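Report on the structure given below.
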Number of protein chains: 2
Amino acid sequence: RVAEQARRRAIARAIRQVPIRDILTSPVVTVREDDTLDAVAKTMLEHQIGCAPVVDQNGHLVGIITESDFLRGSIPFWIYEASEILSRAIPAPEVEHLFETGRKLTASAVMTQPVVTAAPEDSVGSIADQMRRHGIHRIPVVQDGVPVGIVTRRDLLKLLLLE
Amino acid sequence: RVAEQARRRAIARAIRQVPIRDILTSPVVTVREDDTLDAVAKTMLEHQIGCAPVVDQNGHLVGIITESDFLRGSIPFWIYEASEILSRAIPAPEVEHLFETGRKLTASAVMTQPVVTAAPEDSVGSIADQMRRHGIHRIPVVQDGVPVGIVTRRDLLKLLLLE
Ligand SMILES: [Cl-]
Ligand SMILES: [Cl-]
Ligand SMILES: [Cl-]
């Protein structure tokens with residue numbers, strides 16, 4: 001019983017010392033702050049992702065955008081996935097109005113500012129601590145100014161408990 | 001300005017009246033309460049899902065299991081995705097011990113009980129209300145005792161704000 005605990009303790013400590021870059025196993029997909037929401041939705045759906053770093057024209061991080069952010073512009077992100085299903089609920093000219101609005105607004109209009117960022121050489125444990133300390137759900141990873149990923153609470157729960 | 005608000009109001013109202021069964025657009029994948037965690041991991045990774053209803057031998061819902069639940073048995077789910085990366089952190093006999101444990105524990109040993117369930121004829125608004133009121137992140141949809149889906153907070157945020 002005691003030895004089992006020592007065993008568990010050592011695994012947990014090892015896991016906290018894993019560098020962030022080791023858990024960034026997907027390619028980073030970003031969007032431009034000037035991309036229209038229509039283009040962002042296409043990009044997200046085409047790569048099967050629900051959030052993305054927003055960068056300026058020269059590739060520097062300026063914000064984060066998620067599906068839920070579309071509601072800040074009064075657009076439900078689902079319109080890009082299932083307009084036919086939603087057209088059963090909402091009349092056609094109103095659906096078209098949502099699309100027209102998505103073609104006008106940009107990522108910059110609804111993105112958020114990240115409260116904290118991490119570097120690829122930071123440890124899993126240090127990022128977990130950030131996550132719990134600010135009670136947030138996503139943290140962008142930046143290497144030399146350039147986004148190289150977003151770490152989510154779901155990613156970390158594959159490795160360790162979060163308080 | 002006033003006219004736009006009426007427009008947005010009617011859209012928001014329409015969205016709350018969409019029946020749940022309209023948003024269950026993916027096929028339900030379940031696991032058995034007696035499946036080993038090794039098999040559960042395999043199922044979830046084959047189907048690219050992070051949670052699943054747990055059913056009994058005759059198919060009735062008995063629980064919910066997610067990747068994070070593996071930690072309840074002291075196994076990091078990531079071991080099933082990236083054991084080679086984890087082995088740079090953890091000696092090989094210890095990783096093997098994790099695998100051994102996963103082949104012994106079953107879904108029933110780590111699954112959770114759902115505080116609330118929904119029926120497919122219920123509305124989006126009503127399940128959204130359930131989410132916030134119980135402050136939960138996932139709700140199983142059941143049609144005649146049989147799971148037909150799991151609705152998450154992420155799903156709902158494609159449609160409407162929560163609290
Ligand atoms: Cl609008
Ligand atoms: Cl998350
Ligand atoms: Cl163990």
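Quick note: numbers below take in every heavy atom, side chains included, and nothing from hydrogens, waters or symmetry partners. Chain letters run A, B, ... following the sequence lines, proteins first and then strands; every chain starts at 1.
For B:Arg138 against B:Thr152, the heavy-atom pair with the smallest separation is CG-CG2, 3.8 Å.
Ranking A:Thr25, A:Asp155, A:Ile23 against chain B, the residue ahead of the rest is A:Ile23, based on heavy-atom pairs under 4.5 Å. Note: B:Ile85 leads B:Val95, B:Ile75, B:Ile79, B:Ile85 in heavy-atom pairs under 4.5 Å with chain A. For the set A:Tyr80, A:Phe77, A:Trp78, the count of heavy-atom pairs under 4.5 angstrom toward chain B peaks at A:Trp78. Between chain A and the residues B:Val18, B:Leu161, B:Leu159, B:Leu160, the largest count of heavy-atom pairs under 4.5 Å involves B:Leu159.
A salt bridge does not link A:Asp35 with A:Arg32: every distance from a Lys NZ or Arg NE/NH1/NH2 to an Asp or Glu carboxylate oxygen is 4.0 Å or more. Classification of A:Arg16 and A:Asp129 as a salt-bridged pair holds, one side-chain N sitting under 4.0 Å from a carboxylate O. With respect to the salt-bridge test (charged N to carboxylate O, under 4.0 angstrom), the residues B:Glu67 and A:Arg154 qualify. A salt bridge links A:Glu96 with A:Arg103: at least one charged nitrogen is closer than 4.0 Å to a carboxylate oxygen.
A side-chain N or O of B:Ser68 and one of B:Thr66 form a donor-acceptor pair less than 3.5 Å apart.
Residue A:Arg88 touches chain B through its side chain alone, counting heavy-atom pairs closer than 4.5 Å. When heavy atoms are compared at a cutoff of 4.5 Å, B:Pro19 does not approach chain A at all. Only the side chain of A:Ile15 comes within contact range of chain B, with heavy atoms under 4.5 Å apart. For A:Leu156, no part sits under 4.5 Å from any heavy atom of chain B, backbone or side chain. Only the side chain of B:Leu71 comes within contact range of chain A, with heavy atoms under 4.5 Å apart. When heavy atoms are compared at a cutoff of 4.5 Å, A:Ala82 does not approach chain B at all. In this structure, the portion of A:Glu4 lying under 4.5 Å from any heavy atom of chain B is its side chain and not its backbone. Of the atoms belonging to A:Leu162, not a single heavy atom falls under 4.5 Å from chain B. Residue B:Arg13 does not touch chain A at all, counting heavy-atom pairs closer than 4.5 Å.
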With side-chain hydrogen bond (donor to acceptor under 3.5 Å, both in side chains) as the test, would you mind laying out the steps for A:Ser74 and B:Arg8 before giving the verdict? CA-CA 7 Å; A:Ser74 315; B:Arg8 280 163 179 176; 3.2 Å; yes
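Side-chain atoms of B:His47 come within 3.5 Å of backbone atoms of B:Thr43 as a donor-acceptor pair (strictly under, hydrogens ignored).
Side chains of B:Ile11 and A:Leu98 form a contact here, defined as non-hydrogen atoms less than 4.5 Å apart.
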